[PDB]
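Chains A and B supply the protein sequences, listed in that same order. Residues in the first sequence are numbered from 28 upward in steps of one, following the entry's author numbering. Residues in the second sequence are numbered from 28 upward in steps of one, following the entry's author numbering. Please read the structure below before turning to the comments.
Protein chains: 2
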Amino acid sequence: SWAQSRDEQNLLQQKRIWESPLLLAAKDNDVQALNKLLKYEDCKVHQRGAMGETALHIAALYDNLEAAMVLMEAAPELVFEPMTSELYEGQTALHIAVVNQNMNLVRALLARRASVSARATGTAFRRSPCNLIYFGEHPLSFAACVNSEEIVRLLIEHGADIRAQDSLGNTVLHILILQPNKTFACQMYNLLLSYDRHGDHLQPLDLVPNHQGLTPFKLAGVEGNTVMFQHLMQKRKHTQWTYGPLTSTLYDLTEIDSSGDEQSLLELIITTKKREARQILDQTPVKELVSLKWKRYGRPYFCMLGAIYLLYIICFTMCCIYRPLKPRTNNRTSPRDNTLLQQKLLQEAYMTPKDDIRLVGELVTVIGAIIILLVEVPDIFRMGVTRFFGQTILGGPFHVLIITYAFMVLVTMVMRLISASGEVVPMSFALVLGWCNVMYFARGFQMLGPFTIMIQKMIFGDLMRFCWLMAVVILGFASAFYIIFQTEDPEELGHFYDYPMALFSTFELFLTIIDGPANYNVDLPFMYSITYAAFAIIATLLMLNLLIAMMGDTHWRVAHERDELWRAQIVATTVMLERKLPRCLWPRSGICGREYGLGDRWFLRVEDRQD
Amino acid sequence: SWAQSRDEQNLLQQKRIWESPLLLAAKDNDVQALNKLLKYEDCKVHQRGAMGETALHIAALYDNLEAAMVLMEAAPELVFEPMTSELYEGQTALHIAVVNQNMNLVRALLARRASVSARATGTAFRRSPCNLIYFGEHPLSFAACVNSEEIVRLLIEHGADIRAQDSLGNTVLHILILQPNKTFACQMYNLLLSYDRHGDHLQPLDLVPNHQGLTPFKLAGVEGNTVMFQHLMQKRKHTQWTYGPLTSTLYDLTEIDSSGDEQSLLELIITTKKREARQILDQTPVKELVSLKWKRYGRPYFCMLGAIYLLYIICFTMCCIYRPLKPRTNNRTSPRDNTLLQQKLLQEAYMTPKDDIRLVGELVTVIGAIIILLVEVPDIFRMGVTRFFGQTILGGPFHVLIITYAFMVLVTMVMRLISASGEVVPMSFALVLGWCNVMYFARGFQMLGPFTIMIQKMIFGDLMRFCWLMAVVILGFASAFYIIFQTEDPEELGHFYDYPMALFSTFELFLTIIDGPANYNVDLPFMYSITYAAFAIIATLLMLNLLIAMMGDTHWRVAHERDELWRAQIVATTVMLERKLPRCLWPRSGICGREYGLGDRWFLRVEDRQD
Ligand SMILES: Cc1cccc([C@H]2CC[C@@H](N3CCN(c4cncc(Br)c4)CC3)CC2)c1
Ligand SMILES: Cc1cccc([C@H]2CC[C@@H](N3CCN(c4cncc(Br)c4)CC3)CC2)c1
Ligand SMILES: Cc1cccc([C@H]2CC[C@@H](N3CCN(c4cncc(Br)c4)CC3)CC2)c1
Ligand SMILES: [Ca+2]
Ligand SMILES: [Ca+2]
């Protein structure tokens, strides 16, 4: 109902044209009608539209210079008045002729002293998918987006300012990144830098960030303008020597690596969501850098990190399988055919030196659980329960399990001091979520790990869209079996003797695991064989065999998507590694300056062949 | 850290340019600065670079003839001095102007008596992937690689030598094979043979091998230059008579078949590893030859070899299934429910004439085991244990099993004289590795054998990349089951009563083989049904059904790779067959000479249609 208020007013805007004789004569070139419209009497001028127009705005909007020339002769005061109502707020007639890419009227409006620095800050211009467009907030910002180059120089010549910024802090050089006509706007970016006369006081007009705090180079990395990124690299690199077909160049490397602050360049590529921008990882100075940093020093620190965790789980699961049990004392099997149990484990009996060996491993796993908590969820000293909602989707899928690995190991610290009955249940999740987590180390380790990016893409969606429709069908038949054996003895075919297990066992026949019941000794009810054969056609010949073919398109449709997603997680491992690991170890890559006459910013180089 | 020492020096090279006034004036055309740089005072010249340059080298490198002309006027002695430091070792300024493909300076350097035969033998030129290039070691070798043809004649005219060789023994005709711009260098190869005036004493400049011992024809077969191979065939063939559309030509056949020595041509194609060169098997004179030699005399010797081995295993397995057992004597089942056994086989009781029939077959299989050893691993008289490491990867995958087939048959020779207890275990591998080996004879035998090249490509990788992630998941749940039935009676659901079998049985449920446990008579523990249903979703509906679709791309992505790999193993069977089989049988193919006026080298012919 939000966008309804736009077009409700927008037809209503046209009503005032049909309502007024001035505005309807303004939409057409009614210069004969406009001649007598203000000469025969002193009719008023400032009658606004439904959303606050002048006829000068309308003559601008419906591309009519001629009546606007008569409107200049009638009343040359309308130019100062902008529009006023909440969508087109502050926009004046200088903007619209620029949007119309010429009207030979910037020759006329500026001659009538067109105010340039007005800020059309209405919400029909803010960067949002509710608008279909984005153009900035200044007339110099507009004409660049439509590239009317001759108009731009005349717009500059009467005192345009390059350094204008918006509420978002962006200047005109941020805007040319955001246009969707990529290469047609690239030569526009070269033109404005030619009109950079000087640095104002500190930076030479390209080094300025926004209110988000990003230079326009880094913003191109955010949106992933692949063509524009290659054009803005050309002043960063520095060719060194050429040898026939040999080319030896020195890339810059000061904007594209972690220098302290959280906004280098590479954190931004992982933390964004746009799939288009992840293809920045195949341009020249970055792909060589990340492959160098992963190979030298990057890979073996990850694996030797992984070797510790593998011994952690072994020291957990051996401490799991040894456990202070006891024979079943003081409690018979007095519930007959209900308790088939023998242990009811001990309470405080560690009086054995072999238990000290277990007392090692229990102490081993509990301290590392605190380490896992205080390295990835540090925001626990605040003690915020609603903070956990900002930790679920903020973080990867493997950034969820290992957190939940900790809580279960916290419970076996909690429970064994309290010594209550329920003990194997938190230990159960503690044991199976542990071993499943080792695929987090199967990210790299060889090229045998873009298998794991495939099973990630399949478990979300393409089995969850099957897990519903299994429960669609199977909740029918299981109750249908539950009725159809309701009159039956349990001691033969105890599959469906009660609904909580009868719901389970029909799920055991959907995946063909259990054999499918038959006695063949006494005669089963004569409606079973009908409805059960109905079950096997739908389940294990239609439904499940569809699913293998269902993967059949979602395995080559995403063929070269898994490989580009495999280059995602290595950078996501590399940047995560450098930020966690300190100095005097992991020497920061590239080659330093100050020794060779270059400067303080570091460098790397790549030698190749033109061919 | 190895290539770091390159670029550490390489920026440091540029520092001496920034450090010295001569070298910085040398990089630019500072002829006014160079005019006073040595006229105002007698400044020294031999100030080398960080890696040993002159300004003449730099003027050559940064394409500046003009200062080099002034450098000739200042001091015409720098040409004799080469570079000196370990990477560009021995390279002089004559090389670099050649790499720059002209400078109008070979007109000047040779006028100043440019030394031609210098050998730039630094390790920035040795054939290695550490270098990005390869160009040989002589100025005549360089200009051919960049094809500056006019320069080459002027380079020859002042006394270039064609017959130069390197440390690798290669001459300039080996070099043109190795360039990656294939057809652009082909006409270069025709030019140098035109400047073959005479044979030196013995060979006419094309018959010379390298230090590896290969003529440049055979080297083209090694690297697989498919276009260049077709150009070097044109002097080997000999057209005979044409009949309208009929064409009758006589190919050469003396360089491409086993003539004694181990380096004919066809051993080289199998023993190399480059996938590009195996596509030499579809040019004209080879594909017809190998198909002729496989069809006539080749195929039936392989199958009649295979028929012997099939009767060998039958005579093994019948000797396997008859075995000197005995009833269980002197040893009761005193470990109760631990020994369910009845035999504890005999020791030295062969007193039966039916055993002589078995004494045939035991003697049959043991002698052939020595035959298998002394035909494929002859290096056992040396008695080298570490030699076995040079026999594993050196040899095919079927060149491993049949070796390990021998050791197990050696153990049943060893064990039955010693008569210890463990007897069925080496016999077990002896029986199953035997029958699996018969796929080695399913290489050819019909076209129903590029199935076996497919299962080879799948068992390495595409199931081994699944065999890890099975053990990832299943080591969790099996311990998780082991906990969750730790308090449970074993006599009902004895699946998980101890961990070494509980590890096995959960592996029995991952491949859906066993039924999946249920009693349905007494009530199982109330956390089992939760975690077990969690198991079947992950295992037998997500993991295993992914794998069928995982083959789904790796069965048509390698579609016309298996057929080209099927032509590999037939040549690998043919060449293996000829080398093992003697003369006075397997008449060596082609048609002999000396009877028709041709000569001593043999020949074959192919008749076809131009169409
Ligand atoms: C994205 C991605 C990528 C790769 C792998 C994963 C894992 C996703 C969740 C993980 N669970 C293991 C055990 N679970 C469970 C344990 N007890 C009870 C219940 Br009910 C469920 C459910 C699944 C398996 C693989 C995820
Ligand atoms: C390249 C290629 C191409 C085609 C065929 C093969 C064979 C590869 C190995 C061979 N083994 C047979 C028995 N094995 C075994 C025997 N006892 C215990 C264990 Br554990 C393992 C493992 C596999 C099967 C086919 C290989
Ligand atoms: C049962 C099962 C199991 C696993 C997989 C499959 C199918 C999956 C993929 C399918 N190709 C996909 C589209 N095609 C194609 C490929 N390149 C270019 C063009 Br044009 C078309 C040919 C067939 C073959 C088998 C089926
Ligand atoms: Ca089955
Ligand atoms: Ca079954």
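Beta carbons: idealized from backbone N, C-alpha and C, even for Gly.
Rounded to whole angstroms, what is the Cα-Cα separation between residue i and residue j?
i, j, result
"A/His-258", "B/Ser-32", "32 Å"
"B/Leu-569", "A/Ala-469", "18 Å"
"B/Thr-269", "A/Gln-306", "59 Å"
"B/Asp-193", "B/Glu-164", "7 Å"
"A/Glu-113", "A/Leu-39", "15 Å"
"A/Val-249", "A/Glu-303", "10 Å"
"A/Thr-281", "A/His-265", "13 Å"
"A/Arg-326", "A/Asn-208", "40 Å"
"B/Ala-82", "B/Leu-50", "6 Å"
"B/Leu-608", "B/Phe-562", "57 Å"
"B/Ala-52", "B/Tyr-89", "12 Å"
"A/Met-440", "A/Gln-418", "24 Å"
"B/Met-454", "B/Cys-347", "8 Å"
"B/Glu-315", "B/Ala-187", "42 Å"
"B/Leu-386", "B/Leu-401", "23 Å"
"A/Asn-129", "A/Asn-174", "11 Å"
"B/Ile-541", "B/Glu-535", "6 Å"
Just checking: is the beta-carbon of residue i within a distance shorter than 8 Å of some beta-carbon in chain B?
i, result
"A/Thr-431", "no"
"A/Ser-168", "no"
"A/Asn-365", "yes"
"A/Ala-396", "no"
"A/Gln-267", "yes"
"A/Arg-636", "yes"
"A/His-587", "no"
"A/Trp-462", "yes"
"A/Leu-536", "no"
"A/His-522", "yes"
With 8 Å as the threshold, decide whether the Cβ of residue i is near any Cβ in chain A.
i, result
"B/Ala-507", "yes"
"B/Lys-484", "no"
"B/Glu-164", "no"
"B/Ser-556", "yes"
"B/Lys-42", "yes"
"B/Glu-116", "no"
"B/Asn-548", "yes"
"B/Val-499", "yes"
Give every residue of the same chain whose Cβ lies closer than 6 Å to the Cβ of residue i, excluding the five residues on either side of it in the sequence, and list them in chain order.
i, result
"A/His-522", "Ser-532, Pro-544"
"A/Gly-196", "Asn-237, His-238"
"B/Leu-592", "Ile-480"
In chain order, what residues of the same chain have a beta carbon less than 7 Å from the beta carbon of residue i, not counting five sequence neighbours either side?
i, result
"A/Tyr-324", "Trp-613"
"B/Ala-505", "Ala-529, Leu-530, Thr-533"
Confirm the yes/no value for this check: CB of residue i, any heavy atom of ligand 6, distance under 7 Å.
i, result
"A/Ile-618", "Annotation note on ligand 6: not contained in the displayed structure, which lists ligand 1, ligand 2, ligand 3, ligand 4 and ligand 5 as its ligands."
Next on the checklist: I'd like to know if the segment 502 to 516 of chain A and the segment 504 to 520 of chain B are in contact, where contact means that at least 3 CB-CB pairs between them fall below 8 Å.
Outcome noted: No, the segment 502 to 516 of chain A does not touch the segment 504 to 520 of chain B.
Checklist entry - Which whole runs of the beta strand (DSSP E) in the segment 152 to 177 of chain B are 3 residues long or more, in chain order? => result Runs found: none.
Next on the checklist: In chain order, what are the residue ranges of uninterrupted beta strand (DSSP E) at least 3 long that sit wholly in the segment 225 to 274 of chain A?
Outcome noted: Within the segment 225 to 274 of chain A, the complete beta strand (DSSP E) runs of at least 3 residues are 265 to 270.
Next on the checklist: Could you tell me which whole beta strand (DSSP E) segments of length 3 or greater appear in the segment 52 to 104 of chain B?
Outcome noted: Here no run is fully enclosed.
Checklist entry - Does the count of Cβ pairs from the segment 87 to 102 of chain B and the segment 50 to 59 of chain B closer than 8 Å reach three? => result With the cut-off at 8 Å, the segment 87 to 102 of chain B and the segment 50 to 59 of chain B touch.
Checklist entry - Within the chosen definition, does the segment 483 to 491 of chain B reach the segment 573 to 581 of chain B through at least 3 CB pairs nearer than 8 Å? => result Yes, the segment 483 to 491 of chain B touches the segment 573 to 581 of chain B.
Checklist entry - Are the segment 105 to 125 of chain A and the segment 133 to 153 of chain A touching by the rule of at least three beta carbon pairs closer than 8 Å? => result Verdict: yes, contact present.
Checklist entry - Between the segment 405 to 419 of chain A and the segment 360 to 372 of chain A, are three or more C-beta pairs nearer than 8 Å? => result In short, these stretches do not touch, since the Cβ pair count stays below three.
Next on the checklist: Extract the residue ranges of the beta strand (DSSP E) inside the segment 270 to 303 of chain A, only unbroken runs of 3 or more that lie entirely within it.
Outcome noted: Complete beta strand (DSSP E) runs here, min 3: 273 to 278.
Next on the checklist: When you compare the segment 581 to 598 of chain A with the segment 493 to 503 of chain A, are there three or more beta-carbon pairs, one atom per stretch, that lie closer than 8 Å?
Outcome noted: The segment 581 to 598 of chain A makes no contact with the segment 493 to 503 of chain A: fewer than 3 CB pairs, one atom from each, lie closer than 8 Å.
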